[PDB]
$ cat my_file.pdb   # PDB, N, CA and C atoms
ATOM      1  N   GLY A   1      87.989  95.359 -12.198
ATOM      2  CA  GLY A   1      89.197  96.194 -12.017
ATOM      3  C   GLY A   1      89.925  95.854 -10.740
ATOM      4  N   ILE A   2      90.443  96.869 -10.070
ATOM      5  CA  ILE A   2      91.177  96.671  -8.834
ATOM      6  C   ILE A   2      90.287  96.983  -7.634
ATOM      7  N   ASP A   3      90.032  98.277  -7.420
ATOM      8  CA  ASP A   3      89.232  98.756  -6.292
ATOM      9  C   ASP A   3      89.702  98.155  -4.970
ATOM     10  N   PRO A   4      90.821  98.663  -4.438
ATOM     11  CA  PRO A   4      91.387  98.189  -3.178
ATOM     12  C   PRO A   4      90.574  98.646  -1.970
ATOM     13  N   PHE A   5      89.564  97.864  -1.608
ATOM     14  CA  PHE A   5      88.759  98.169  -0.434
ATOM     15  C   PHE A   5      89.509  97.734   0.815
ATOM     16  N   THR A   6      90.394  96.767   0.635
ATOM     17  CA  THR A   6      91.295  96.352   1.691
ATOM     18  C   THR A   6      92.343  97.420   1.888
ATOM     19  N   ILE A   7      92.744  97.570   3.118
ATOM     20  CA  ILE A   7      93.541  98.692   3.528
ATOM     21  C   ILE A   7      94.965  98.266   3.851
ATOM     22  N   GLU A   8      95.853  98.488   2.897
ATOM     23  CA  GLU A   8      97.265  98.242   3.101
ATOM     24  C   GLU A   8      97.877  99.372   3.922
ATOM     25  N   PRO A   9      98.787  99.009   4.835
ATOM     26  CA  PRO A   9      99.467  99.952   5.725
ATOM     27  C   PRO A   9     100.044 101.154   4.995
ATOM     28  N   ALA A  10      99.711 102.330   5.495
ATOM     29  CA  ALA A  10     100.148 103.575   4.899
ATOM     30  C   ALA A  10     100.249 104.663   5.956
ATOM     31  N   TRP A  11     101.274 105.501   5.859
ATOM     32  CA  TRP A  11     101.348 106.688   6.692
ATOM     33  C   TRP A  11     100.707 107.853   5.965
ATOM     34  N   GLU A  12      99.406 107.974   6.165
ATOM     35  CA  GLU A  12      98.592 108.911   5.416
ATOM     36  C   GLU A  12      98.633 110.283   6.074
ATOM     37  N   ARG A  13      98.532 110.297   7.390
ATOM     38  CA  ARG A  13      98.741 111.512   8.149
ATOM     39  C   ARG A  13      99.984 111.339   9.005
ATOM     40  N   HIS A  14     101.048 112.017   8.623
ATOM     41  CA  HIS A  14     102.334 111.868   9.290
ATOM     42  C   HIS A  14     102.287 112.529  10.658
ATOM     43  N   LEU A  15     103.209 112.151  11.538
ATOM     44  CA  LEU A  15     103.292 112.758  12.862
ATOM     45  C   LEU A  15     103.407 114.268  12.747
ATOM     46  N   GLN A  16     102.641 114.976  13.558
ATOM     47  CA  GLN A  16     102.611 116.422  13.480
ATOM     48  C   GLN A  16     103.524 117.052  14.500
ATOM     49  N   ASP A  17     104.152 118.120  14.070
ATOM     50  CA  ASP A  17     105.099 118.848  14.896
ATOM     51  C   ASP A  17     104.347 119.746  15.865
ATOM     52  N   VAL A  18     104.479 119.451  17.146
ATOM     53  CA  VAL A  18     103.746 120.189  18.168
ATOM     54  C   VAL A  18     104.666 121.139  18.933
ATOM     55  N   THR A  19     104.220 122.376  19.103
ATOM     56  CA  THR A  19     104.952 123.358  19.892
ATOM     57  C   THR A  19     104.089 123.843  21.055
ATOM     58  N   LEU A  20     104.609 123.741  22.274
ATOM     59  CA  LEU A  20     103.826 124.052  23.462
ATOM     60  C   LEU A  20     104.719 124.530  24.596
ATOM     61  N   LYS A  21     104.099 124.938  25.688
ATOM     62  CA  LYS A  21     104.823 125.363  26.873
ATOM     63  C   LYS A  21     104.866 124.222  27.883
ATOM     64  N   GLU A  22     105.838 124.260  28.788
ATOM     65  CA  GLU A  22     105.994 123.205  29.785
ATOM     66  C   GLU A  22     104.791 123.137  30.718
ATOM     67  N   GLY A  23     104.473 121.930  31.162
ATOM     68  CA  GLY A  23     103.363 121.744  32.073
ATOM     69  C   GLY A  23     102.108 121.285  31.364
ATOM     70  N   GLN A  24     102.012 121.583  30.074
ATOM     71  CA  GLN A  24     100.891 121.147  29.263
ATOM     72  C   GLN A  24     100.964 119.655  28.969
ATOM     73  N   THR A  25      99.820 119.059  28.675
ATOM     74  CA  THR A  25      99.785 117.677  28.230
ATOM     75  C   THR A  25      99.807 117.629  26.709
ATOM     76  N   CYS A  26     100.741 116.871  26.187
ATOM     77  CA  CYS A  26     100.942 116.756  24.755
ATOM     78  C   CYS A  26     100.183 115.556  24.209
ATOM     79  N   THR A  27      99.779 115.633  22.953
ATOM     80  CA  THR A  27      99.194 114.496  22.274
ATOM     81  C   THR A  27      99.570 114.523  20.804
ATOM     82  N   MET A  28     100.680 113.880  20.486
ATOM     83  CA  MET A  28     101.160 113.820  19.115
ATOM     84  C   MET A  28     100.472 112.684  18.379
ATOM     85  N   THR A  29      99.732 113.013  17.336
ATOM     86  CA  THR A  29      98.949 112.022  16.634
ATOM     87  C   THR A  29      99.455 111.798  15.207
ATOM     88  N   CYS A  30      99.207 110.597  14.696
ATOM     89  CA  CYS A  30      99.556 110.230  13.326
ATOM     90  C   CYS A  30      98.610 109.139  12.833
ATOM     91  N   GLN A  31      98.253 109.158  11.556
ATOM     92  CA  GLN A  31      97.231 108.245  11.046
ATOM     93  C   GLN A  31      97.854 107.101  10.253
ATOM     94  N   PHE A  32      97.890 105.926  10.875
ATOM     95  CA  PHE A  32      98.380 104.717  10.231
ATOM     96  C   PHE A  32      97.195 103.899   9.758
ATOM     97  N   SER A  33      97.117 103.678   8.459
ATOM     98  CA  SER A  33      95.910 103.161   7.802
ATOM     99  C   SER A  33      95.302 101.913   8.461
ATOM    100  N   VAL A  34      96.084 101.170   9.230
ATOM    101  CA  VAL A  34      95.623  99.882   9.720
ATOM    102  C   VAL A  34      94.943 100.019  11.078
ATOM    103  N   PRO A  35      93.697  99.525  11.179
ATOM    104  CA  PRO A  35      92.883  99.649  12.390
ATOM    105  C   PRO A  35      93.431  98.867  13.578
ATOM    106  N   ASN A  36      93.585  99.576  14.688
ATOM    107  CA  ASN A  36      93.918  98.978  15.978
ATOM    108  C   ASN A  36      95.251  98.218  15.948
ATOM    109  N   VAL A  37      96.267  98.810  15.339
ATOM    110  CA  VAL A  37      97.605  98.230  15.383
ATOM    111  C   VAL A  37      98.540  99.079  16.212
ATOM    112  N   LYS A  38      99.498  98.417  16.826
ATOM    113  CA  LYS A  38     100.480  99.077  17.666
ATOM    114  C   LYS A  38     101.728  99.411  16.865
ATOM    115  N   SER A  39     102.567 100.258  17.428
ATOM    116  CA  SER A  39     103.799 100.665  16.779
ATOM    117  C   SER A  39     104.857 100.991  17.823
ATOM    118  N   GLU A  40     106.110 101.025  17.408
ATOM    119  CA  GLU A  40     107.179 101.434  18.295
ATOM    120  C   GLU A  40     107.408 102.920  18.182
ATOM    121  N   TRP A  41     107.388 103.566  19.323
ATOM    122  CA  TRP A  41     107.604 104.994  19.395
ATOM    123  C   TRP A  41     109.065 105.290  19.644
ATOM    124  N   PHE A  42     109.559 106.317  18.989
ATOM    125  CA  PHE A  42     110.936 106.745  19.160
ATOM    126  C   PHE A  42     110.993 108.232  19.457
ATOM    127  N   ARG A  43     111.800 108.599  20.434
ATOM    128  CA  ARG A  43     112.054 109.994  20.736
ATOM    129  C   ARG A  43     113.530 110.290  20.518
ATOM    130  N   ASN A  44     113.819 111.034  19.453
ATOM    131  CA  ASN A  44     115.192 111.336  19.052
ATOM    132  C   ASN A  44     115.983 110.039  18.845
ATOM    133  N   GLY A  45     115.371 109.094  18.140
ATOM    134  CA  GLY A  45     116.042 107.843  17.821
ATOM    135  C   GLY A  45     115.916 106.790  18.913
ATOM    136  N   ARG A  46     115.559 107.217  20.112
ATOM    137  CA  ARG A  46     115.494 106.319  21.260
ATOM    138  C   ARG A  46     114.097 105.728  21.424
ATOM    139  N   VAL A  47     114.022 104.417  21.657
ATOM    140  CA  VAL A  47     112.740 103.753  21.890
ATOM    141  C   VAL A  47     112.024 104.363  23.078
ATOM    142  N   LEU A  48     110.845 104.883  22.810
ATOM    143  CA  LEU A  48     110.056 105.528  23.811
ATOM    144  C   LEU A  48     109.222 104.524  24.584
ATOM    145  N   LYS A  49     109.268 104.646  25.889
ATOM    146  CA  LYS A  49     108.467 103.830  26.766
ATOM    147  C   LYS A  49     107.544 104.720  27.585
ATOM    148  N   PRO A  50     106.259 104.349  27.690
ATOM    149  CA  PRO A  50     105.267 105.128  28.436
ATOM    150  C   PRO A  50     105.546 105.132  29.934
ATOM    151  N   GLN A  51     106.484 105.969  30.342
ATOM    152  CA  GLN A  51     106.854 106.079  31.740
ATOM    153  C   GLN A  51     106.680 107.509  32.224
ATOM    154  N   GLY A  52     105.998 107.659  33.350
ATOM    155  CA  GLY A  52     105.822 108.960  33.957
ATOM    156  C   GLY A  52     104.890 109.859  33.178
ATOM    157  N   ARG A  53     105.471 110.743  32.386
ATOM    158  CA  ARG A  53     104.711 111.734  31.640
ATOM    159  C   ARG A  53     104.149 111.143  30.355
ATOM    160  N   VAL A  54     104.765 110.068  29.888
ATOM    161  CA  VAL A  54     104.485 109.542  28.566
ATOM    162  C   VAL A  54     103.437 108.436  28.607
ATOM    163  N   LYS A  55     102.500 108.513  27.680
ATOM    164  CA  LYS A  55     101.513 107.475  27.475
ATOM    165  C   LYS A  55     101.379 107.200  25.992
ATOM    166  N   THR A  56     101.415 105.941  25.636
ATOM    167  CA  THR A  56     101.339 105.548  24.241
ATOM    168  C   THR A  56      99.942 105.036  23.914
ATOM    169  N   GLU A  57      99.217 105.780  23.098
ATOM    170  CA  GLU A  57      97.848 105.420  22.774
ATOM    171  C   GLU A  57      97.700 105.077  21.304
ATOM    172  N   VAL A  58      96.708 104.266  21.010
ATOM    173  CA  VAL A  58      96.410 103.898  19.646
ATOM    174  C   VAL A  58      94.904 103.845  19.417
ATOM    175  N   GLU A  59      94.473 104.544  18.387
ATOM    176  CA  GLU A  59      93.084 104.561  17.983
ATOM    177  C   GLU A  59      92.904 103.605  16.811
ATOM    178  N   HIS A  60      91.832 103.773  16.045
ATOM    179  CA  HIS A  60      91.611 102.940  14.866
ATOM    180  C   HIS A  60      92.819 103.001  13.933
ATOM    181  N   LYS A  61      92.970 104.075  13.172
ATOM    182  CA  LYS A  61      94.153 104.199  12.334
ATOM    183  C   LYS A  61      95.193 105.089  13.006
ATOM    184  N   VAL A  62      94.748 106.098  13.739
ATOM    185  CA  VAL A  62      95.683 107.066  14.284
ATOM    186  C   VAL A  62      96.336 106.564  15.569
ATOM    187  N   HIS A  63      97.603 106.897  15.706
ATOM    188  CA  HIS A  63      98.396 106.553  16.873
ATOM    189  C   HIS A  63      98.724 107.836  17.612
ATOM    190  N   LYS A  64      98.638 107.819  18.929
ATOM    191  CA  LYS A  64      98.801 109.041  19.693
ATOM    192  C   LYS A  64      99.884 108.893  20.743
ATOM    193  N   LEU A  65     100.519 110.001  21.052
ATOM    194  CA  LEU A  65     101.492 110.052  22.124
ATOM    195  C   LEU A  65     101.072 111.119  23.120
ATOM    196  N   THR A  66     100.677 110.691  24.301
ATOM    197  CA  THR A  66     100.219 111.613  25.327
ATOM    198  C   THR A  66     101.316 111.873  26.333
ATOM    199  N   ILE A  67     101.635 113.136  26.540
ATOM    200  CA  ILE A  67     102.683 113.484  27.467
ATOM    201  C   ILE A  67     102.192 114.533  28.451
ATOM    202  N   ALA A  68     101.823 114.106  29.643
ATOM    203  CA  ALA A  68     101.308 115.029  30.641
ATOM    204  C   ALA A  68     102.438 115.788  31.309
ATOM    205  N   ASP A  69     102.240 117.091  31.453
ATOM    206  CA  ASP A  69     103.212 117.966  32.105
ATOM    207  C   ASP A  69     104.577 117.859  31.421
ATOM    208  N   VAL A  70     104.610 118.198  30.133
ATOM    209  CA  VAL A  70     105.833 118.103  29.338
ATOM    210  C   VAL A  70     106.899 119.087  29.797
ATOM    211  N   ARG A  71     108.151 118.724  29.553
ATOM    212  CA  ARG A  71     109.274 119.618  29.769
ATOM    213  C   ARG A  71     110.088 119.726  28.490
ATOM    214  N   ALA A  72     111.055 120.635  28.459
ATOM    215  CA  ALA A  72     111.915 120.798  27.289
ATOM    216  C   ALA A  72     112.689 119.515  26.984
ATOM    217  N   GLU A  73     112.816 118.650  27.982
ATOM    218  CA  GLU A  73     113.512 117.378  27.810
ATOM    219  C   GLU A  73     112.613 116.340  27.154
ATOM    220  N   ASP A  74     111.325 116.625  27.132
ATOM    221  CA  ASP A  74     110.353 115.721  26.528
ATOM    222  C   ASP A  74     110.249 115.954  25.031
ATOM    223  N   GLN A  75     111.128 116.794  24.507
ATOM    224  CA  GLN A  75     111.244 116.964  23.072
ATOM    225  C   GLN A  75     112.109 115.834  22.521
ATOM    226  N   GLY A  76     112.371 115.847  21.232
ATOM    227  CA  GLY A  76     113.117 114.757  20.636
ATOM    228  C   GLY A  76     112.357 114.087  19.519
ATOM    229  N   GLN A  77     112.425 114.681  18.314
ATOM    230  CA  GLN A  77     111.699 114.223  17.111
ATOM    231  C   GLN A  77     111.096 112.833  17.269
ATOM    232  N   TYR A  78     109.793 112.810  17.477
ATOM    233  CA  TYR A  78     109.075 111.574  17.694
ATOM    234  C   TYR A  78     108.840 110.865  16.388
ATOM    235  N   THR A  79     109.098 109.585  16.408
ATOM    236  CA  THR A  79     108.926 108.751  15.252
ATOM    237  C   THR A  79     108.024 107.575  15.594
ATOM    238  N   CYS A  80     106.916 107.476  14.887
ATOM    239  CA  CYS A  80     105.992 106.378  15.073
ATOM    240  C   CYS A  80     106.235 105.352  13.983
ATOM    241  N   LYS A  81     106.807 104.222  14.356
ATOM    242  CA  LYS A  81     107.203 103.231  13.377
ATOM    243  C   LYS A  81     106.467 101.915  13.591
ATOM    244  N   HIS A  82     105.898 101.389  12.523
ATOM    245  CA  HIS A  82     105.309 100.063  12.551
ATOM    246  C   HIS A  82     106.122  99.148  11.659
ATOM    247  N   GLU A  83     107.199  98.627  12.232
ATOM    248  CA  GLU A  83     108.104  97.701  11.561
ATOM    249  C   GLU A  83     108.751  98.334  10.337
ATOM    250  N   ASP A  84     108.033  98.315   9.227
ATOM    251  CA  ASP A  84     108.524  98.894   7.987
ATOM    252  C   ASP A  84     108.293 100.395   7.942
ATOM    253  N   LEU A  85     107.028 100.788   7.981
ATOM    254  CA  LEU A  85     106.649 102.182   7.821
ATOM    255  C   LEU A  85     106.896 102.983   9.085
ATOM    256  N   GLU A  86     107.347 104.210   8.903
ATOM    257  CA  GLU A  86     107.618 105.102  10.014
ATOM    258  C   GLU A  86     107.187 106.522   9.686
ATOM    259  N   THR A  87     107.044 107.334  10.715
ATOM    260  CA  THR A  87     106.731 108.740  10.558
ATOM    261  C   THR A  87     107.410 109.524  11.667
ATOM    262  N   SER A  88     107.517 110.831  11.508
ATOM    263  CA  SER A  88     108.285 111.639  12.449
ATOM    264  C   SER A  88     107.790 113.074  12.523
ATOM    265  N   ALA A  89     107.941 113.660  13.705
ATOM    266  CA  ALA A  89     107.697 115.075  13.902
ATOM    267  C   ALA A  89     108.556 115.604  15.032
ATOM    268  N   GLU A  90     108.928 116.865  14.934
ATOM    269  CA  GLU A  90     109.732 117.496  15.948
ATOM    270  C   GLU A  90     108.851 118.114  17.017
ATOM    271  N   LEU A  91     108.999 117.630  18.238
ATOM    272  CA  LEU A  91     108.248 118.156  19.359
ATOM    273  C   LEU A  91     109.016 119.317  19.978
ATOM    274  N   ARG A  92     108.362 120.457  20.093
ATOM    275  CA  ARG A  92     109.031 121.675  20.506
ATOM    276  C   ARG A  92     108.362 122.306  21.719
ATOM    277  N   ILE A  93     109.137 122.470  22.772
ATOM    278  CA  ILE A  93     108.700 123.229  23.930
ATOM    279  C   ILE A  93     109.217 124.652  23.749
ATOM    280  N   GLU A  94     108.306 125.626  23.798
ATOM    281  CA  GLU A  94     108.590 126.994  23.225
ATOM    282  C   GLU A  94     109.404 127.857  24.196
ATOM    283  N   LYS A  95     108.733 128.612  25.066
ATOM    284  CA  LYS A  95     109.050 128.421  26.465
ATOM    285  C   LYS A  95     109.547 129.493  27.444
ATOM    286  N   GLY A  96     108.841 129.672  28.559
ATOM    287  CA  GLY A  96     109.340 130.562  29.582
ATOM    288  C   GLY A  96     108.443 131.759  29.828
ATOM    289  N   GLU A  97     108.841 132.913  29.315
ATOM    290  CA  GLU A  97     108.127 134.147  29.581
ATOM    291  C   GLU A  97     107.810 134.887  28.283
ATOM    292  N   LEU A  98     108.846 135.251  27.538
ATOM    293  CA  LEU A  98     108.674 136.024  26.312
ATOM    294  C   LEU A  98     107.939 135.210  25.255
ATOM    295  N   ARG A  99     106.736 135.670  24.901
ATOM    296  CA  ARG A  99     105.907 135.017  23.886
ATOM    297  C   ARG A  99     105.526 133.607  24.344
ATOM    298  N   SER A 100     105.596 133.386  25.650
ATOM    299  CA  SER A 100     105.269 132.095  26.229
ATOM    300  C   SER A 100     104.797 132.266  27.669
ATOM    301  N   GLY A 101     104.147 133.388  27.940
ATOM    302  CA  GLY A 101     103.637 133.644  29.269
ATOM    303  C   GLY A 101     102.129 133.696  29.287
ATOM    304  N   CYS A 102     101.585 134.892  29.430
ATOM    305  CA  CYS A 102     100.145 135.079  29.436
ATOM    306  C   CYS A 102      99.791 136.348  28.670
TER     307      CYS A 102
END

$ encode --input "my_file.pdb" --output "structure tokens"
Amino acid sequence: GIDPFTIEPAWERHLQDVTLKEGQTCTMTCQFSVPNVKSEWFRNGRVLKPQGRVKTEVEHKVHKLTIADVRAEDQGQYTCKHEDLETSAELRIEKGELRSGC
């Protein structure tokens, strides 16, 4: 028969929409079927570069975006794209005092 034991690129777990308060470290993850491959990150359409708060990590299949001490400006629907295949999630900073304090 077929039995595809080989793993063709797939966005099996799409980027997840994270909502948090400022100052927290973010980690937006997504599962790209291919082991140890890199991808281009986009924040609101813009190519994301791991500068300052941002760190671009990659696991076996899952790709992660680490953002230490996030701000409301660190939002911007993140898209993890590997050439052809892409995924996206809206990053949301909630925020302030009401329902976002202690």

$ residues_near_point --input "my_file.pdb" --point "(107.3, 106.7, 24.0)" --cutoff "12 Å" --atoms "only C-alpha atoms" --output "VMD selection string"
chain A and resid 26 to 28 39 to 57 63 to 67 74 to 81

$ select_by_dssp --input "my_file.pdb" --residues "stretch 5-79 of chain A" --states "strand (DSSP E)" --output "ChimeraX atom specification"
/A:11-13,19-20,26-32,40-43,46-47,54-58,62-67,78-79

$ residues_around --input "my_file.pdb" --residues "residue A:32" --least-positions-apart "6" --cutoff "8 Å" --atoms "all atoms listed in the file" --output "list in words"
residues 8, 9, 10, 11, 12, 13, 14, 60, 61, 62 and 63 of chain A

$ residues_near_point --input "my_file.pdb" --point "(99.3, 115.4, 32.2)" --cutoff "6 Å" --atoms "only C-alpha atoms" --output "ChimeraX atom specification"
/A:25,68-69

$ closest_residue --input "my_file.pdb" --among "A:18, A:37, A:58, A:102" --to "residue A:88" --atoms "only C-alpha atoms"
A:18

$ closest_residue --input "my_file.pdb" --among "A:70, A:101, A:38, A:21" --to "residue A:83" --atoms "only C-alpha atoms"
A:38

$ residues_around --input "my_file.pdb" --residues "residue A:19" --least-positions-apart "3" --cutoff "8 Å" --atoms "only C-alpha atoms" --output "mmCIF file with N, CA and C atoms, in the frame of the given file"
data_model
loop_
_atom_site.group_PDB
_atom_site.id
_atom_site.type_symbol
_atom_site.label_atom_id
_atom_site.label_comp_id
_atom_site.auth_asym_id
_atom_site.auth_seq_id
_atom_site.Cartn_x
_atom_site.Cartn_y
_atom_site.Cartn_z
ATOM 1 N N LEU A 91 108.999 117.630 18.238
ATOM 2 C CA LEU A 91 108.248 118.156 19.359
ATOM 3 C C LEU A 91 109.016 119.317 19.978
ATOM 4 N N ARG A 92 108.362 120.457 20.093
ATOM 5 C CA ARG A 92 109.031 121.675 20.506
ATOM 6 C C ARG A 92 108.362 122.306 21.719
ATOM 7 N N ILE A 93 109.137 122.470 22.772
ATOM 8 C CA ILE A 93 108.700 123.229 23.930
ATOM 9 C C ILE A 93 109.217 124.652 23.749
ATOM 10 N N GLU A 94 108.306 125.626 23.798
ATOM 11 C CA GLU A 94 108.590 126.994 23.225
ATOM 12 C C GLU A 94 109.404 127.857 24.196
#

$ atom_distance --input "my_file.pdb" --atom1 "atom CA of residue A:34" --atom2 "atom CA of residue A:2"
19.3 Å

$ atom_distance --input "my_file.pdb" --atom1 "atom CA of residue A:15" --atom2 "atom N of residue A:100"
24.4 Å

$ build_atoms --input "my_file.pdb" --residues "stretch 10-29 of chain A" --atoms "N, CA, C and O atoms" --output "mmCIF file, keeping the file's coordinate frame"
data_model
loop_
_atom_site.group_PDB
_atom_site.id
_atom_site.type_symbol
_atom_site.label_atom_id
_atom_site.label_comp_id
_atom_site.auth_asym_id
_atom_site.auth_seq_id
_atom_site.Cartn_x
_atom_site.Cartn_y
_atom_site.Cartn_z
ATOM 1 N N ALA A 10 99.711 102.330 5.495
ATOM 2 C CA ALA A 10 100.148 103.575 4.899
ATOM 3 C C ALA A 10 100.249 104.663 5.956
ATOM 4 O O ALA A 10 99.413 104.727 6.863
ATOM 5 N N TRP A 11 101.274 105.501 5.859
ATOM 6 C CA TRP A 11 101.348 106.688 6.692
ATOM 7 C C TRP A 11 100.707 107.853 5.965
ATOM 8 O O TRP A 11 101.363 108.626 5.264
ATOM 9 N N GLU A 12 99.406 107.974 6.165
ATOM 10 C CA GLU A 12 98.592 108.911 5.416
ATOM 11 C C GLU A 12 98.633 110.283 6.074
ATOM 12 O O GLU A 12 98.768 111.305 5.403
ATOM 13 N N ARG A 13 98.532 110.297 7.390
ATOM 14 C CA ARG A 13 98.741 111.512 8.149
ATOM 15 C C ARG A 13 99.984 111.339 9.005
ATOM 16 O O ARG A 13 99.977 110.587 9.978
ATOM 17 N N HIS A 14 101.048 112.017 8.623
ATOM 18 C CA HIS A 14 102.334 111.868 9.290
ATOM 19 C C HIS A 14 102.287 112.529 10.658
ATOM 20 O O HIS A 14 101.421 113.370 10.910
ATOM 21 N N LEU A 15 103.209 112.151 11.538
ATOM 22 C CA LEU A 15 103.292 112.758 12.862
ATOM 23 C C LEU A 15 103.407 114.268 12.747
ATOM 24 O O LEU A 15 104.167 114.779 11.926
ATOM 25 N N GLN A 16 102.641 114.976 13.558
ATOM 26 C CA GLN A 16 102.611 116.422 13.480
ATOM 27 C C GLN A 16 103.524 117.052 14.500
ATOM 28 O O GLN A 16 103.649 116.583 15.634
ATOM 29 N N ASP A 17 104.152 118.120 14.070
ATOM 30 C CA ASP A 17 105.099 118.848 14.896
ATOM 31 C C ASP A 17 104.347 119.746 15.865
ATOM 32 O O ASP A 17 103.627 120.658 15.459
ATOM 33 N N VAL A 18 104.479 119.451 17.146
ATOM 34 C CA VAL A 18 103.746 120.189 18.168
ATOM 35 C C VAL A 18 104.666 121.139 18.933
ATOM 36 O O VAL A 18 105.761 120.760 19.344
ATOM 37 N N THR A 19 104.220 122.376 19.103
ATOM 38 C CA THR A 19 104.952 123.358 19.892
ATOM 39 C C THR A 19 104.089 123.843 21.055
ATOM 40 O O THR A 19 102.963 124.300 20.847
ATOM 41 N N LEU A 20 104.609 123.741 22.274
ATOM 42 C CA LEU A 20 103.826 124.052 23.462
ATOM 43 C C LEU A 20 104.719 124.530 24.596
ATOM 44 O O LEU A 20 105.944 124.535 24.475
ATOM 45 N N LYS A 21 104.099 124.938 25.688
ATOM 46 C CA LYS A 21 104.823 125.363 26.873
ATOM 47 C C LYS A 21 104.866 124.222 27.883
ATOM 48 O O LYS A 21 104.022 123.321 27.838
ATOM 49 N N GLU A 22 105.838 124.260 28.788
ATOM 50 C CA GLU A 22 105.994 123.205 29.785
ATOM 51 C C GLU A 22 104.791 123.137 30.718
ATOM 52 O O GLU A 22 104.165 124.152 31.028
ATOM 53 N N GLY A 23 104.473 121.930 31.162
ATOM 54 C CA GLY A 23 103.363 121.744 32.073
ATOM 55 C C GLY A 23 102.108 121.285 31.364
ATOM 56 O O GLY A 23 101.233 120.682 31.979
ATOM 57 N N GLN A 24 102.012 121.583 30.074
ATOM 58 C CA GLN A 24 100.891 121.147 29.263
ATOM 59 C C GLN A 24 100.964 119.655 28.969
ATOM 60 O O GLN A 24 102.039 119.055 29.017
ATOM 61 N N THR A 25 99.820 119.059 28.675
ATOM 62 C CA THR A 25 99.785 117.677 28.230
ATOM 63 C C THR A 25 99.807 117.629 26.709
ATOM 64 O O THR A 25 99.004 118.276 26.038
ATOM 65 N N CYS A 26 100.741 116.871 26.187
ATOM 66 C CA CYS A 26 100.942 116.756 24.755
ATOM 67 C C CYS A 26 100.183 115.556 24.209
ATOM 68 O O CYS A 26 99.942 114.587 24.931
ATOM 69 N N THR A 27 99.779 115.633 22.953
ATOM 70 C CA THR A 27 99.194 114.496 22.274
ATOM 71 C C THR A 27 99.570 114.523 20.804
ATOM 72 O O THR A 27 98.885 115.135 19.980
ATOM 73 N N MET A 28 100.680 113.880 20.486
ATOM 74 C CA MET A 28 101.160 113.820 19.115
ATOM 75 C C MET A 28 100.472 112.684 18.379
ATOM 76 O O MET A 28 100.600 111.525 18.765
ATOM 77 N N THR A 29 99.732 113.013 17.336
ATOM 78 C CA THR A 29 98.949 112.022 16.634
ATOM 79 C C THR A 29 99.455 111.798 15.207
ATOM 80 O O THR A 29 100.068 112.679 14.604
#
